[PDB]
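Visitor: Please see the structure below; I have some questions.
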4 protein chains.
Amino acid sequence: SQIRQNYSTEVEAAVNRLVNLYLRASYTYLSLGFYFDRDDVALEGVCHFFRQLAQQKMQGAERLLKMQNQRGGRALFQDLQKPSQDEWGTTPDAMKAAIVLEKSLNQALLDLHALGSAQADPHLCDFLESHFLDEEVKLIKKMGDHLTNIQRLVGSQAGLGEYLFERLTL
Amino acid sequence: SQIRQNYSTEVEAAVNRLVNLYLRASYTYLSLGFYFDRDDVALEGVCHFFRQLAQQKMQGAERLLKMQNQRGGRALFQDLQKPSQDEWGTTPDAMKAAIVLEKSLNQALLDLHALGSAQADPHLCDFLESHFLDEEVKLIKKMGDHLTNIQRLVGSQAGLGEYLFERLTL
Amino acid sequence: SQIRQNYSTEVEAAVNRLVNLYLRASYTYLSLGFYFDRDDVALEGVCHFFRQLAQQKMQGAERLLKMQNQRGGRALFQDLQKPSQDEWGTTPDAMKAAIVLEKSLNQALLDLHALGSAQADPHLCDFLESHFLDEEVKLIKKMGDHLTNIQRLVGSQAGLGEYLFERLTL
Amino acid sequence: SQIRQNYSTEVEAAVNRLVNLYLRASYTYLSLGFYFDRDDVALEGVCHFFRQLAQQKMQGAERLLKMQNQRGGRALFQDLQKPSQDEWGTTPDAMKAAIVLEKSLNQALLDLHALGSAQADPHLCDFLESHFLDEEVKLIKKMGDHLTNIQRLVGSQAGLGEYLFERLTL
């Protein structure tokens with residue numbers, strides 16, 4: 001490559017893997033969202049919450065891909081596994097799944113940051129710090145807040161609490 | 001002092017003590033507020049309510065300090081004790097703590113007013129009446145109204161009631 | 001904690017300590033400011049300069065507290081010691097005290113950054129770099145510039161120079 | 001009187017005396033102001049400062065007179081003594097004279113407040129507290145601040161300091 005500079009093959013490959021993780025996440029969120037749009041689930045605010053996350057994760061993938069090209073790496077795509085479930089249970093079940101999923105993304109970001117630090121790649125580290133790490137922390141805090149709220153509600157009365165959360169928070 | 005007139009040493013000292021009480025109150029409210037921002041508490045409206053009070057109590061301190069200088073007194077600061085608790089329980093527990101705290105401020109204002117009256121210091125009495133005493137009465141009435149509402153709600157169903165109060169009142 | 005991830009107990013505690021330092025700084029600035037509002041000191045621009053810093057340091061504390069909760073740490077408050085002086089001398093004395101104080105904050109930030117780096121906590125490092133470290137460098141440069149200006153003025157004629165600095169710089 | 005109620009003859013007379021004091025003050029300020037407009041004094045900002053005070057003291061007299069009629073008292077005017085000096089010296093001399101004068105007004109207000117309190121006349125006490133006592137405290141604090149500034153300046157270099165104060169403060 002005529003532009004590549006200080007960009008290890010290890011980081012290049014890890015970036016491609018992270019793209020696959022972000023796209024898998026996006027896919028998982030599309031499934032979550034449309035589950036809550038089922039007529040026998042019917043929680044619009046929950047559907048919208050997950051559809052917005054699907055979009056966000058796709059935008060994350062796109063940012064990674066743009067950076068891969070900026071650095072002179074080569075994007076390589078792999079098969080995308082389907083989401084882990086076909087049906088996602090109640091709102092708390094779904095919110096717990098989402099936090100698991102985000103923590104896995106976040107750990108993948110931390111791992112890539114560590115690789116970048118080992119490879120002495122400050123551009124990578126800046127990119128991740130600026131566009132991903134705080135966004136993940138903020139998102140996970142929001143999900144934890146949601147989970148606490150939903151649990152407090154459905155602990156009182158499950159159906160009623162699920163409705164109220166969807167109406168008054170989402 | 002070239003400006004001091006009719007300003008007793010007793011009032012000067014009591015004003016400094018009251019500043020310490022207002023700053024301690026402010027500190028207590030900062031703690032309350034950030035407690036309700038914990039991911040395992042997660043009541044945004046409660047956090048905002050207490051953060052706003054922290055600001056209000058700081059503004060009270062500042063007004064006292066401005067008056068101390070206007071009268072030719074000398075501000076003296078003391079150590080500020082930490083708030084009485086590290087964790088503040090449920091919304092009713094916190095609202096009860098806040099009313100205790102405000103009643104203590106109010107009693108300190110009444111005591112200073114009484115001292116001013118004994119010292120024949122009408123400027124002090126006017127200052128307190130105009131900027132503090134009605135504000136405290138209004139605030140305590142609001143807190144009592146909140147407490148009644150929260151108690152009525154959590155008496156019905158604790159988790160659900162706490163959510164609804166935070167969503168629909170705060 | 002349901003959200004905490006890669007957030008050491010060492011960093012959690014150091015963040016709480018830093019909050020105490022920022023609040024102590026805020027308190028020191030409140031004292032500085034109201035000193036310069038005394039009728040026998042009477043330098044409005046100096047009072048405003050320090051009152052604005054008091055606000056800034058409080059905002060720093062608040063940002064730290066928000067981050068502590070975002071990461072799933074638990075804010076813990078300690079007693080706040082009173083400022084180091086009751087009276088703050090002339091403008092150069094006060095500006096020197098402020099630079100001492102800011103350098104101590106800055107060293108505490110650098111120490112926390114070093115701890116974060118040792119704990120492999122890139123989110124912490126980004127947070128500090130983005131919201132604190134440059135702000136401190138900029139502030140210290142401004143204070144140094146002020147001190148040089150005040151010293152040059154009061155070296156010529158003390159009273160006159162102090163007035164002119166307050167009128168024409170602040 | 002068809003409207004007079006709870007308005008003692010003692011307060012009525014003291015109000016008339018206070019009017020004479022406010023008008024005497026106004027007269028003193030007119031003299032101060034025009035002194036600083038002399039071609040051999042020539043401090044415009046000082047002239048404006050005192051001319052504005054002359055207006056303020058006249059407005060005070062007018063407010064007292066309006067209140068005297070509101071209560072069913074009868075305004076009685078006495079001769080107005082000329083100001084204590086024909087020439088008023090330097091800016092610090094003049095500012096010291098003004099603070100003496102304001103402290104005398106303030107003591108007269110406090111004395112009338114005390115009389116009102118002894119006569120159980122809450123309307124009088126409210127009137128004084130609301131329209132006079134804080135205004136006097138604020139004014140005296142401003143004068144003290146000015147005096148400190150002027151003294152610091154003329155202690156450095158008298159002529160130069162007097163000019164700078166007039167240009168940059170007034």
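The chains in the structure tokens are called A, B, ... from first to last as shown; in each chain the residues are counted from 1, and the ligands are counted from 1 in the order shown.
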When you look at residue B:165 with a cut-off of 9 Å (counting only C-alpha atoms), what residues show up, excluding the ones that are within fewer than 3 positions of it in the same chain? I need them as a PDB file with N, CA, C and O atoms, in the first residue's frame.
Guide:
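In the end it all went to out29.pdb:
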```pdb
ATOM      1  N   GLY B  45     -35.537  11.724  37.781  1.00  0.00           N
ATOM      2  CA  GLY B  45     -36.254  12.867  38.287  1.00  0.00           C
ATOM      3  C   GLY B  45     -35.885  13.150  39.743  1.00  0.00           C
ATOM      4  O   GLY B  45     -35.916  14.299  40.180  1.00  0.00           O
ATOM      5  N   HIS B 146     -44.780  16.165  48.319  1.00  0.00           N
ATOM      6  CA  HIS B 146     -44.107  15.019  47.708  1.00  0.00           C
ATOM      7  C   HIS B 146     -44.154  13.799  48.597  1.00  0.00           C
ATOM      8  O   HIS B 146     -44.444  12.713  48.116  1.00  0.00           O
ATOM      9  N   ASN B 149     -47.495  12.155  48.601  1.00  0.00           N
ATOM     10  CA  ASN B 149     -47.704  11.469  47.339  1.00  0.00           C
ATOM     11  C   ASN B 149     -46.901  10.169  47.263  1.00  0.00           C
ATOM     12  O   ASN B 149     -47.426   9.152  46.830  1.00  0.00           O
ATOM     13  N   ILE B 150     -45.622  10.210  47.628  1.00  0.00           N
ATOM     14  CA  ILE B 150     -44.814   8.997  47.555  1.00  0.00           C
ATOM     15  C   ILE B 150     -45.338   7.935  48.495  1.00  0.00           C
ATOM     16  O   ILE B 150     -45.387   6.763  48.151  1.00  0.00           O
ATOM     17  N   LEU B 153     -48.365   6.255  47.154  1.00  0.00           N
ATOM     18  CA  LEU B 153     -47.954   5.353  46.083  1.00  0.00           C
ATOM     19  C   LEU B 153     -47.247   4.086  46.509  1.00  0.00           C
ATOM     20  O   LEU B 153     -47.505   3.027  45.941  1.00  0.00           O
ATOM     21  N   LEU B 160     -43.442  -0.008  41.644  1.00  0.00           N
ATOM     22  CA  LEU B 160     -44.356   0.670  40.747  1.00  0.00           C
ATOM     23  C   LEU B 160     -44.636   2.098  41.208  1.00  0.00           C
ATOM     24  O   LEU B 160     -44.559   3.017  40.386  1.00  0.00           O
ATOM     25  N   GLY B 161     -44.919   2.300  42.483  1.00  0.00           N
ATOM     26  CA  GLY B 161     -45.213   3.641  42.957  1.00  0.00           C
ATOM     27  C   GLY B 161     -44.039   4.593  42.865  1.00  0.00           C
ATOM     28  O   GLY B 161     -44.153   5.763  42.497  1.00  0.00           O
ATOM     29  N   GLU B 162     -42.860   4.064  43.144  1.00  0.00           N
ATOM     30  CA  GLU B 162     -41.649   4.873  43.054  1.00  0.00           C
ATOM     31  C   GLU B 162     -41.383   5.334  41.640  1.00  0.00           C
ATOM     32  O   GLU B 162     -41.028   6.481  41.370  1.00  0.00           O
ATOM     33  N   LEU B 168     -44.164  11.003  36.817  1.00  0.00           N
ATOM     34  CA  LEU B 168     -45.358  11.861  36.670  1.00  0.00           C
ATOM     35  C   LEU B 168     -45.413  13.103  37.547  1.00  0.00           C
ATOM     36  O   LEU B 168     -46.150  14.055  37.259  1.00  0.00           O
ATOM     37  N   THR B 169     -44.576  13.145  38.596  1.00  0.00           N
ATOM     38  CA  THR B 169     -44.453  14.331  39.456  1.00  0.00           C
ATOM     39  C   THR B 169     -43.132  15.036  39.216  1.00  0.00           C
ATOM     40  O   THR B 169     -43.087  16.229  39.024  1.00  0.00           O
ATOM     41  N   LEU B 170     -42.015  14.303  39.231  1.00  0.00           N
ATOM     42  CA  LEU B 170     -40.700  14.919  39.110  1.00  0.00           C
ATOM     43  C   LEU B 170     -40.207  15.093  37.693  1.00  0.00           C
ATOM     44  O   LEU B 170     -40.873  14.710  36.751  1.00  0.00           O
TER      45      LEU B 170
END
```
Visitor: Near chain B, which residues of chain C fall within 7 Å when you count only C-alpha atoms, and what do they look like as a PyMOL selection string?
Guide: chain C and resi 37-39+69+72+76-82+86
Visitor: Please provide as an NGL selection string all residues within 10 Å of residue B:21, with the sequence filter that same-chain residues fewer than 5 positions apart are discarded (counting only C-alpha atoms).
Guide: :B and (15-16 or 26-27 or 57 or 61 or 80-81 or 101 or 104-105 or 108)
Visitor: Neighbours of residue B:144 within 9 Å (only C-alpha atoms; same-chain residues fewer than 5 positions away dropped), as a count of residues only?
Guide: 5
Visitor: For a quick check of understanding, using only C-alpha atoms, which of B:109, B:42, B:124, B:119 has the smallest distance to residue A:143?
Guide: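 The closest residue to residue A:143 is B:42.
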Visitor: Run DSSP on the backbone and give me the residues of stretch 3-71 of chain A it puts in alpha helix (DSSP H), as a ChimeraX atom specification.
Guide: /A:9-36,44-71
Visitor: In Å, how far is it from atom CA of residue D:51 to atom CA of residue D:33?
Guide: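 Taking atom CA of residue D:51 and atom CA of residue D:33, their separation equals 5.2 Å.
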Visitor: Could you pull the residues within 9 Å of residue C:121, counting only C-alpha atoms, minus those fewer than 6 positions along the same chain, as a ChimeraX atom specification?
Guide: /A:110 /C:6-8,11,115
Visitor: Residues of the last selection are to be written out with C-alpha atoms, as an mmCIF file, in the first residue's frame.
Guide:
```cif
data_model
loop_
_atom_site.group_PDB
_atom_site.id
_atom_site.type_symbol
_atom_site.label_atom_id
_atom_site.label_comp_id
_atom_site.auth_asym_id
_atom_site.auth_seq_id
_atom_site.Cartn_x
_atom_site.Cartn_y
_atom_site.Cartn_z
ATOM 1 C CA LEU A 110 -10.801 -2.973 25.021
ATOM 2 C CA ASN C 6 -12.761 -3.018 33.445
ATOM 3 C CA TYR C 7 -13.102 -0.575 36.337
ATOM 4 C CA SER C 8 -10.651 -1.284 39.098
ATOM 5 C CA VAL C 11 -9.353 3.768 40.157
ATOM 6 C CA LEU C 115 -2.971 4.606 37.660
#
```
